[PDB]
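Just one chain is shown here, as structure tokens, and it is the form deposited in one PDB entry.
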């Protein structure tokens, strides 16, 4: 074996708890070097005269370079000392522990998980596990109250192509009216990009955090939206732009009015007074120079309690979550205490982050629940849309990503096709429905929470902003009801097929030439296997039957695939057809 490729921390993504009693321990080796990884383990205090309990780390994923094995340690003392035995393809056998590697056990060492605390088990809202979230971008979703409209609202037309400064007048009241469509579609939560009082089109330079911006409505309308949505089973997650405030923020104005005489000067990062709001910044801002967005000193206790009062307030209104913006430019301390705050006021409130790099620091269980899955988007783009990667490069990029974080976070990343900053997915797939449909057929079966961007269900299009932010299409006969009914098909299967929400994922077939990838989600005895034919051509596959069970499997989209003969399944997939083969458990 190449021993200087094998790796484990006894923390992080590689050893963590799933109850006070149970340690998931994950181990990574270079691809092909190890064929059995076994875990021999006992209580941290147990005497040398006890032989260790055993746990086989089965192989759970493989990537570009690596091979990933994963086992579950029963630990009734909530304290475990373990050692890995690693047998290679010829039959070498080696031990790995903290002191290193030996053919003799006791020279390799032990890894220990000193104690499993009850608080320190990453716990996630039950509801979040079967959610389908719908990103409403509020200015563009529905104009339900024309008295709202900003001076210069343009007219709601499918033909209309938005400028960066266009207004169409969408609002909270219009969402209140569109709620039987959201219930039709079957979503379970609604995510608003920031709706809070700001003097600009884009509400990221927050002027007031306790008022809904006048374009979209007011507190009584927000409260009724909450109360109308909750009746239909939809939750309200809200953007929080706590990293920076807007230049009209009460405090920032006071510093502007008074320099150092200001009570609020240290709420911000000022270089020289007087605070020259001009083009040339002399305070820290949202990224380089952005005068309308000074950076808040979240480390300062006064700033910290203000935004905490802001959280409290919106939770009084009854929102079920936050999706946090530039979460990584504010300190870990703030998010740990934010977590505690939000989670005592509402245990089921969801906390998503937005971080465009490995989010592990945040996804330990003590700051956030999940983060926006950019790695899902970069893959689904490259596989279905651009056709820049082939089925095995997909499997490697899926599997690499899956093993970045503990499972409890991984089963909850918001798996998006696009957003209000990216071009639309259909337009990434240059109008081809079948490339799109297959990428949504995956998205509704893979591990994560599906996040639909407004209008995709019904076939919208658009290059990047502002053509992603194009007025929604409400007219039946100018909307793709064929697609709509297909999101409803898939959502209905997500919502009644427990593997899809709660199961794990194993790769089942990757073929570089045919470009067919296939995966199996399983919980407790149930397996549903999604076969995806990503080529323009009718092809055919022998797939070897999955580990746990299947003699007859039903296509949940159409009808029976009883063709399990001699450990192989033979299917012939028409161009771009996925298939969802449930087993009956």
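Just so we're on the same page, rigid core means the largest C-alpha set that superposes within 1.5 Å between forms. Residue numbers count along the first chain shown, from 1.
One more form of this protein should be noted, the form deposited in another entry, which is absent from this view; the next part is about it.
Visitor: Which of 547, 50, 525, 64 has its C-alpha displaced by 2 Å or more between this form and the one not shown after core superposition?
Guide: Among the listed residues, the one whose C-alpha moves by 2 Å or more is 547.
Visitor: After superposition on the rigid core, does the Cα atom of residue 537 shift by at least 2 Å between this form and the one not shown?
Guide: Residue 537: C-alpha displaced by less than 2 Å between this form and the one not shown.
Visitor: My question is whether residue 20 is one of the residues whose C-alpha shifts by 2 Å or more between this form and the one not shown, given a fit on the rigid core.
Guide: The answer is no; the displacement is under 2 Å.
Visitor: Quick one: residue 548 and residue 59 C-alpha atoms, closer or farther in the other entry compared with this form (3 angstroms or more)?
Guide: Their C-alpha distance grows by at least 3 Å in the other entry.
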